[PDB]
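**Student:** Have a look at this one before I ask anything.
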Amino acid sequence: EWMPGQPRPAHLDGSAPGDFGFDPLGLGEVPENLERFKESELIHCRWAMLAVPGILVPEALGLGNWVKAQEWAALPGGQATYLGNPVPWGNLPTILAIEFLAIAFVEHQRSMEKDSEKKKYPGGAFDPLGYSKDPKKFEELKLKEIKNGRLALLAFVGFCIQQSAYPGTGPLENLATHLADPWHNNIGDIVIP
Amino acid sequence: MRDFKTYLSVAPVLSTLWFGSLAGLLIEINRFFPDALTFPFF
Amino acid sequence: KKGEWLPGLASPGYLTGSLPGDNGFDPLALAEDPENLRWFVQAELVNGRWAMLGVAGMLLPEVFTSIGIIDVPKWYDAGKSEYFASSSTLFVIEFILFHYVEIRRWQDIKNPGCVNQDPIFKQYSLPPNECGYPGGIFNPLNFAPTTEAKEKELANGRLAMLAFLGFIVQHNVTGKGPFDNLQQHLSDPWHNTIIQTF
Amino acid sequence: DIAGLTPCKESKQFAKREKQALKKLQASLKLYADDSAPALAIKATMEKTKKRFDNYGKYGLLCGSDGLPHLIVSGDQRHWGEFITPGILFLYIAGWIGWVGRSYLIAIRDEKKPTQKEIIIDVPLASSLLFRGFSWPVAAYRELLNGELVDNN
Amino acid sequence: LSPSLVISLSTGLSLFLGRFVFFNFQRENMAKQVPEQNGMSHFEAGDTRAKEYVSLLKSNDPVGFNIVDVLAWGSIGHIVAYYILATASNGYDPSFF
Ligand SMILES: CC1=C[C@H](O)CC(C)(C)[C@H]1/C=C/C(C)=C/C=C/C(C)=C/C=C/C=C(C)/C=C/C=C(C)/C=C/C1=C(C)C[C@H](O)CC1(C)C
Ligand SMILES: CC1=C[C@H](O)CC(C)(C)[C@H]1/C=C/C(C)=C/C=C/C(C)=C/C=C/C=C(C)/C=C/C=C(C)/C=C/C1=C(C)C[C@H](O)CC1(C)C
Ligand SMILES: CC1=C(/C=C/C(C)=C/C=C/C(C)=C/C=C/C=C(C)/C=C/C=C(C)/C=C/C2=C(C)CCCC2(C)C)C(C)(C)CCC1
């Protein structure tokens with residue numbers, strides 16, 4: 001349970017992966033609403049899991065940070081760079097057009113499926129290593145995915161809040177600032193200016 | 001005496017006594033602490 | 001052992017005497033509802049214990065500084081002193097730790113005997129106990145929690161809260177330490193009272 | 001200098017207004033001998049005016065371009081004594097009055113003829129309930145928490 | 001830019017999206033959304049001018065892509081293309097940051 005000594009809501013019974021009985025507002029009363037929330041949460045966590053290395057690694061390799069990489073589109077006639085090399089077709093209309101074309105039709109086939117389990121965990125071509133064959137390890141991996149994804153969502157909230165607090169810098173720069181002298185530079189300075 | 005005290009407990013007499021005491025308190029406060037626009041004690 | 005705060009007045013019905021420190025002092029009928037009384041017992045205990053710690057911290061270091069054993073700033077001037085960390089980091093750490101421990105205490109208040117178990121090392125658990133007096137690790141010397149000890153604790157707590165109110169009011173009206181106020185009173189009491197500071 | 005307002009102790013127009021008030025009072029004072037009662041009353045009025053202007057200057061009030069103090073109710077901590085502290089005091093007193101009245105109405109609710117206790121106030125019960133509004137915020141908060149403040153009809 | 005190339009590309013992409021990607025969702029939504037008054041459709045309520053043109057909406061396309069969808073998605077494509085052209089012509093607008 002998320003909060004020890006607190007009764008569980010009636011909508012949740014602990015059978016779901018990552019079901020710790022946390023729903024203070026009671027958003028998941030309707031079972032199909034809860035199923036939709038499970039699918040949406042899984043998609044959000046998977047996107048944040050792809051996000052977190054995609055933010056940390058370019059900062060660690062000295063290519064800027066996750067807010068510098070979006071500066072070029074702000075400039076008139078900006079040129080995008082990958083690994084320090086400018087992509088010849090990397091302009092904002094072309095990038096936006098290919099993103100709209102390819103991000104659609106991959107989010108469209110995901111909506112064609114009607115099975116809820118396949119909507120959450122499709123399998124098939126997306127499970128080439130056969131990790132979902134054994135059921136017990138399948139539920140264990142479901143719980144691991146849920147926990148790491150909730151951690152990734154919390155990390156992305158930290159990303160946004162640290163960018164708002166410290167405009168125009170990277171999260172690893174904030175980590176180095178904390179590691180320089182942790183007793184003086186932290187959340188306390190912005191929480192009490 | 002009980003009837004007179006009941007008359008003193010009726011609405012206009014009690015209201016007159018209460019509002020006269022309140023008005024006297026406010027007038028004395030305004031004499032001893034005149035021209036109060038802010039609350040400067042804190 | 002019940003007693004009366006006012007000998008003439010009768011005790012209220014909801015203050016029969018089961019609770020320690022019961023003198024029938026509810027003239028404003030704040031604790032008429034049993035849930036309100038249950039909450040107010042815990043509130044009184046926590047406020048009184050914190051007042052004990054606070055009044056000790058603002059009295060004894062000042063007395064030792066006036067004696068000359070140590071050189072400690074006053075309780076009102078201790079905020080501006082220099083420490084290894086700034087006040088904001090200390091406040092954040094205190095907020096985190098207090099959020100955890102007071103949420104645990106609030107769970108025990110809402111439903112007694114529900115958060116007695118360690119969440120990390122599950123083999124450790126507090127013995128069954130009344131709300132507001134958590135034994136086990138919080139009582140390392142195994143002192144008996146008799147009703148006499150509870151009454152003494154509540155009396156000292158009420159005295160400590162009164163002393164803290166006196167502390168803050170005296171510093172608000174004179175701007176000096178409470179022990180300095182006591183020394184000024186002891187210099188000549190009849191011209192150093194509440195009256196001559198106004 | 002919030003909203004382009006000079007402080008009243010550093011405002012030329014504030015001193016000018018004080019000068020006009022004192023000049024008018026002196027013009028009224030010149031009609032009587034200094035040892036008379038009207039002269040003493042006028043002198044007391046002038047001293048009260050001087051004290052008022054000095055207090056308004058020292059209170060931290062911001063004076064506008066017309067020489068009059070302007071209250072700021074936006075919540076600025078420099079001017080919490082203009083609105084917020086008197087507002088809290090008023091809310092406390094009004095909650096006291098409302099809680100005492102509600103307690104009196106609740107107490108006389110279950111009687112044979114409750115209206116007789118409204119035209120003729122039963123003074124001992126009212127005086128017993130008068131000081132119950134001293135702790136009105138605590139009582140109101142607990143009554144709201146126990147669901148006794150509202151009636152579900 | 002070249003207006004012909006941008007207009008053709010945007011119209012083609014919009015028609016492709018309408019025909020292939022966003023076709024089933026749109027068809028289901030028009031199946032669920034039909035204007036009715038007093039529990040009956042506008043035409044059968046007594047309005048002779050509210051009859052749906054079943055001849056204009058009949059198409060030989062395998063999926064049912066008719067002329068009205070062509071007009072709508074071409075309107076989307078032309079609007080997007082002209083937005084792109086007019087924005088690319090202007091070397092200004094939220095650029096200073
Ligand atoms: C399904 C499938 C299928 C088939 O069959 C097979 C295969 C392919 C194998 C599979 C797949 C897999 C995959 C892809 C995976 C991935 C993962 C990830 C990426 C994760 C993340 C994950 C992630 C995570 C946890 C995250 C975390 C985070 C964190 C802590 C953070 C921190 C921080 C820092 C330091 C600093 C700053 O200042 C702040 C912050 C920012 C706060
Ligand atoms: C009961 C009853 C009954 C009826 O019915 C009605 C009535 C009457 C209303 C009621 C009431 C009464 C009363 C009297 C009450 C009181 C209270 C109080 C005063 C509290 C305190 C309380 C208090 C408290 C807690 C306190 C606390 C403290 C503290 C923490 C401290 C801290 C500190 C220190 C150490 C040091 C530094 O340097 C500073 C500081 C930081 C500051
Ligand atoms: C037969 C067929 C085919 C073909 C098709 C096509 C080629 C189509 C085209 C189509 C198109 C090509 C369409 C278009 C459309 C368009 C529209 C319908 C319009 C639009 C526009 C609008 C509506 C407006 C505009 C404007 C103006 C007026 C000016 C100002 C600006 C704006 C832009 C607003 C294929 C081989 C595939 C297969 C077999 C069958």
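Going through the structure tokens in order, the chains are called A, B, and so on, while each chain numbers its residues from 1 and the ligands are numbered from 1 in the order shown.
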Could you list, as a list in words, all the residues within 8 Å of ligand 3, counting only C-alpha atoms and all ligand atoms?

**Tutor:**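 My answer, listing the contacting residues, is residues 8, 11, 12, 15, 61, 70, 71, 72, 73, 74, 75, 76, 77, 78, 79, 80, 81, 82 and 83 of chain E.
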
**Student:** Just list as a PyMOL selection string whatever in chain A DSSP marks as helix (DSSP H, G or I).

**Tutor:** chain A and resi 31-60+92-103+109-112+116-120+124-126+135-165+171-180+187-191

**Student:** Just C-alpha atoms for this one: save the residues we selected as a tab-separated table (two decimals), in the first residue's frame.

**Tutor:**
chain	number	residue	atom	x	y	z
A	31	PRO	CA	-13.76	-0.04	-14.84
A	32	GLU	CA	-13.39	0.98	-18.49
A	33	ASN	CA	-12.17	4.39	-17.32
A	34	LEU	CA	-9.60	2.59	-15.15
A	35	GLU	CA	-8.53	0.48	-18.14
A	36	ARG	CA	-8.10	3.63	-20.25
A	37	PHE	CA	-6.09	5.18	-17.41
A	38	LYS	CA	-3.87	2.09	-17.27
A	39	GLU	CA	-3.17	2.36	-21.00
A	40	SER	CA	-2.54	6.12	-20.84
A	41	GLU	CA	-0.28	5.77	-17.80
A	42	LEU	CA	1.72	3.03	-19.52
A	43	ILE	CA	2.17	5.22	-22.60
A	44	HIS	CA	3.20	8.23	-20.48
A	45	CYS	CA	5.73	6.17	-18.51
A	46	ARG	CA	7.20	4.59	-21.65
A	47	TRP	CA	7.62	8.03	-23.24
A	48	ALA	CA	9.33	9.34	-20.10
A	49	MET	CA	11.58	6.26	-20.05
A	50	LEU	CA	12.66	7.10	-23.59
A	51	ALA	CA	12.99	10.72	-22.44
A	52	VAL	CA	15.35	10.39	-19.48
A	53	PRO	CA	18.47	9.02	-21.28
A	54	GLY	CA	17.54	11.24	-24.23
A	55	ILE	CA	17.96	14.21	-21.89
A	56	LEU	CA	20.92	13.05	-19.78
A	57	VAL	CA	23.20	11.62	-22.50
A	58	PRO	CA	23.36	14.67	-24.84
A	59	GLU	CA	24.24	16.80	-21.81
A	60	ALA	CA	26.94	14.35	-20.69
A	92	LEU	CA	11.51	23.30	-38.87
A	93	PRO	CA	8.89	22.79	-41.66
A	94	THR	CA	10.47	19.53	-42.84
A	95	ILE	CA	11.00	18.21	-39.29
A	96	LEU	CA	7.45	19.11	-38.26
A	97	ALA	CA	6.02	17.59	-41.45
A	98	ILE	CA	7.86	14.28	-41.06
A	99	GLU	CA	6.97	14.21	-37.35
A	100	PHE	CA	3.28	14.70	-38.13
A	101	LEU	CA	3.40	12.13	-40.95
A	102	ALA	CA	5.25	9.37	-39.08
A	103	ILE	CA	3.97	10.02	-35.54
A	109	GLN	CA	-2.55	1.47	-35.57
A	110	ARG	CA	-2.23	1.56	-31.78
A	111	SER	CA	-5.88	2.67	-31.63
A	112	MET	CA	-7.06	-0.05	-34.04
A	116	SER	CA	-7.24	-4.13	-23.53
A	117	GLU	CA	-4.30	-6.42	-22.75
A	118	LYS	CA	-3.04	-5.98	-26.31
A	119	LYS	CA	-3.63	-2.23	-26.01
A	120	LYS	CA	-1.34	-2.20	-22.96
A	124	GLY	CA	4.22	-10.16	-31.18
A	125	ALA	CA	6.79	-8.13	-33.09
A	126	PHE	CA	7.28	-5.89	-30.03
A	135	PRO	CA	3.58	-15.77	-16.85
A	136	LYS	CA	5.23	-15.22	-13.44
A	137	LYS	CA	8.21	-13.40	-14.97
A	138	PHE	CA	5.68	-11.55	-17.15
A	139	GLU	CA	3.92	-10.12	-14.08
A	140	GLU	CA	7.29	-9.40	-12.44
A	141	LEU	CA	8.41	-7.46	-15.53
A	142	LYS	CA	5.05	-5.66	-15.55
A	143	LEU	CA	5.66	-4.48	-11.98
A	144	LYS	CA	9.25	-3.50	-12.79
A	145	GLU	CA	8.08	-1.53	-15.84
A	146	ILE	CA	5.41	0.23	-13.78
A	147	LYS	CA	7.83	1.20	-11.01
A	148	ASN	CA	10.64	2.38	-13.30
A	149	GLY	CA	8.09	4.32	-15.36
A	150	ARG	CA	6.62	6.10	-12.35
A	151	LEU	CA	10.20	6.95	-11.40
A	152	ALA	CA	10.73	8.31	-14.92
A	153	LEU	CA	7.58	10.46	-14.64
A	154	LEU	CA	8.86	11.86	-11.34
A	155	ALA	CA	12.22	12.50	-13.03
A	156	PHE	CA	10.50	14.42	-15.83
A	157	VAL	CA	8.62	16.54	-13.30
A	158	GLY	CA	12.02	17.23	-11.76
A	159	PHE	CA	13.32	18.14	-15.23
A	160	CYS	CA	10.56	20.69	-15.83
A	161	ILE	CA	10.68	22.18	-12.33
A	162	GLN	CA	14.48	22.50	-12.33
A	163	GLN	CA	14.35	24.12	-15.77
A	164	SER	CA	11.75	26.61	-14.51
A	165	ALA	CA	13.79	27.33	-11.38
A	171	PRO	CA	19.97	18.85	-15.17
A	172	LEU	CA	23.52	17.51	-14.84
A	173	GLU	CA	24.66	21.09	-14.24
A	174	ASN	CA	22.15	21.21	-11.38
A	175	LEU	CA	23.52	17.89	-10.09
A	176	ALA	CA	27.08	19.28	-10.19
A	177	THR	CA	25.87	22.43	-8.41
A	178	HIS	CA	24.37	20.25	-5.67
A	179	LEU	CA	27.54	18.15	-5.48
A	180	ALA	CA	29.74	21.26	-5.17
A	187	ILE	CA	15.69	23.60	-3.31
A	188	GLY	CA	15.80	25.75	-0.16
A	189	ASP	CA	17.21	28.83	-1.89
A	190	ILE	CA	14.33	29.03	-4.36
A	191	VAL	CA	11.73	27.93	-1.82

**Student:** Can you pull out every residue within 12 Å of residue 76 in chain C, counting only C-alpha atoms, but drop anything in the same chain fewer than 4 positions away, and send it as a PyMOL selection string?

**Tutor:** chain C and resi 57-59+62+72+80-81+167-168+170-172+175-178

**Student:** Enter the distance from CA of residue 147 in chain C to CA of residue 20 in chain C, in Å, rounded to one decimal.

**Tutor:**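 Computed distance, CA of residue 147 in chain C to CA of residue 20 in chain C, equals 6.3 Å.
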
**Student:** So, counting only C-alpha atoms, which residue among D:95, D:119, D:124, D:10 is closest to residue 13 in chain B?

**Tutor:**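 Of the candidates, the smallest distance to residue 13 in chain B is held by D:119.
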